[PDB]
Chemist: 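Please see the structure below; I have some questions.
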Amino acid sequence: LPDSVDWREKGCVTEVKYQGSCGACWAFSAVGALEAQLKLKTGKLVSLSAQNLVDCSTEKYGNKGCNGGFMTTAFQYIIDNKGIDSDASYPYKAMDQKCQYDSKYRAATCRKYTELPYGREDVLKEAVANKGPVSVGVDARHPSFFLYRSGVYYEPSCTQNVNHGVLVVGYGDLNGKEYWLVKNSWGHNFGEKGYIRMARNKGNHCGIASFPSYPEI
Ligand SMILES: *[C@H](CS(=O)(=O)c1ccccc1)[C@H](CCc1ccccc1)NC(=O)[C@H](CCS(=O)(=O)c1ccccc1)NC(=O)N1CCOCC1
């Protein structure tokens with residue numbers, strides 16, 4: 001395993017998106033993971049439809065559109081549905097709509113997904129390096145998270161009580177302090193150009209390694 005990894009360098013991460021008034025962070029976290037796999041298997045990088053998950057991966061999957069969801073059930077939907085549209089053909093309107101999936105504009109498919117063991121940052125590291133970007137949940141209820149702008153984020157009062165779905169696109173160390181490179185979905189005005197570096201190997205800080213998962217085409 002390399003001392004550091006940044007899947008952006010490998011051209012496997014689309015542009016940071018802005019979820020707006022719709023709390024579909026789970027939707028963005030899920031598509032982000034698939035996008036990296038689509039690129040890794042077709043040399044083509046395309047933003048996948050988050051709206052597609054918000055309108056179609058609903059009750060049967062335990063998801064509530066703009067009111068919250070699960071990355072794993074989002075993957076199962078893509079498998080059951082055998083496809084998901086691209087952002088271009090099924091744009092993000094930031095609100096729940098009637099499912100408008102159209103296989104004519106399918107951009108990717110999913111074969112299965114894997115959930116990693118709870119709290120194991122060493123397994124997450126091995127996955128991020130060898131498999132690609134991993135979808136994880138983090139405790140982002142503290143203001144210190146919102147006010148973030150630079151450096152390795154460390155919040156003493158963080159817990160493993162996750163509530164926000166995001167994407168781990170790499171890891172490394174900045175001045176001795178280890179970190180996870182996390183892509184957020186609050187626009188480019190958050191942290192450093194939409195990303196945030198979170199403390200690594202600090203006892204599953206903010207529960208970043210609590211519920212990791214990634215898709216496989
Ligand atoms: C996205 C997070 S957000 O940007 O912090 C946000 C804060 C406030 C309002 C909107 C978004 C999203 C927010 C849900 C929400 C909550 C309250 C009001 C409106 C919207 N969070 C979720 O969708 C999470 C994602 C799953 S997780 O990463 O927390 C996780 C937990 C357990 C195992 C694995 C991963 N899920 C939910 O919030 N819910 C609630 C509804 O039922 C489905 C799951």
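Reckoned from all heavy atoms, side chains included, excluding hydrogens, waters and symmetry mates. Residues: numbered from 1 along the sequence shown.
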Chemist: Ring of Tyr154, cation from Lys202 - is the NZ or CZ under 6.0 Å from the centre and inside 45° of the axis?
Modeler: yes
Chemist: Using a 3.5 Å distance criterion without hydrogens, assess whether the side chain of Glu121 forms a donor-acceptor pair with backbone atoms of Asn201.
Modeler: yes
Chemist: Has the side chain of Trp26 got a donor or acceptor atom that lies under 3.5 Å from a matching backbone atom of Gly65?
Modeler: yes
Chemist: Any donor-acceptor pair under 3.5 Å linking the side chain of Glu35 with the backbone of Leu48?
Modeler: yes
Chemist: Is a donor on one side and an acceptor on the other found under 3.5 Å between the side chain of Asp96 and the backbone of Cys66?
Modeler: yes
Chemist: Would you say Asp55's side chain and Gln97's backbone share a donor-acceptor pair under 3.5 angstrom?
Modeler: yes
Chemist: Using the rule given for ring pair (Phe, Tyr, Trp, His ring centres under 6.0 Å), can you reason through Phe190 versus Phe145, listing the C-alpha separation, both sets of side-chain angles and the distance that settles it, and then say yes or no?
Modeler: CA-CA 10 Å; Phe190 167 78; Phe145 185 103; 5.5 Å; yes
Chemist: Donor-acceptor pair, distance only, cut-off 3.5 Å: does the side chain of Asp139 make one with the backbone of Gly207?
Modeler: no
Chemist: Taking atom types as modelled, is there a side-chain donor on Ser86 or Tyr105 under 3.5 Å from an acceptor on the other?
Modeler: no
Chemist: Is the gap between the ring centers of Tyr101 and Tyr90 under 6.0 Å?
Modeler: no
Chemist: Would you say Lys17's side chain and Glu15's backbone share a donor-acceptor pair under 3.5 angstrom?
Modeler: yes
Chemist: Where the side chain of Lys183 meets the backbone of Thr14, is there a donor-acceptor pair that is under 3.5 Å apart?
Modeler: yes
Chemist: Quick check: does any side chain N or O of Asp87 sit under 3.5 Å from a backbone N or O of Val46, one acting as donor and the other as acceptor?
Modeler: no
Chemist: Taking it one step at a time, do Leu124 and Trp180 satisfy side chain to side chain contact (heavy atoms under 4.5 Å, CB included)?
Modeler: CA-CA 10 Å; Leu124 174 61; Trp180 291 108; 3.6 Å; yes
Chemist: How about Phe70 and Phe211: do any of their side-chain heavy atoms sit closer than 4.5 Å?
Modeler: no
Chemist: Keeping the roles fixed (side chain from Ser29, backbone from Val166), state whether a donor-acceptor pair exists under 3.5 Å.
Modeler: yes
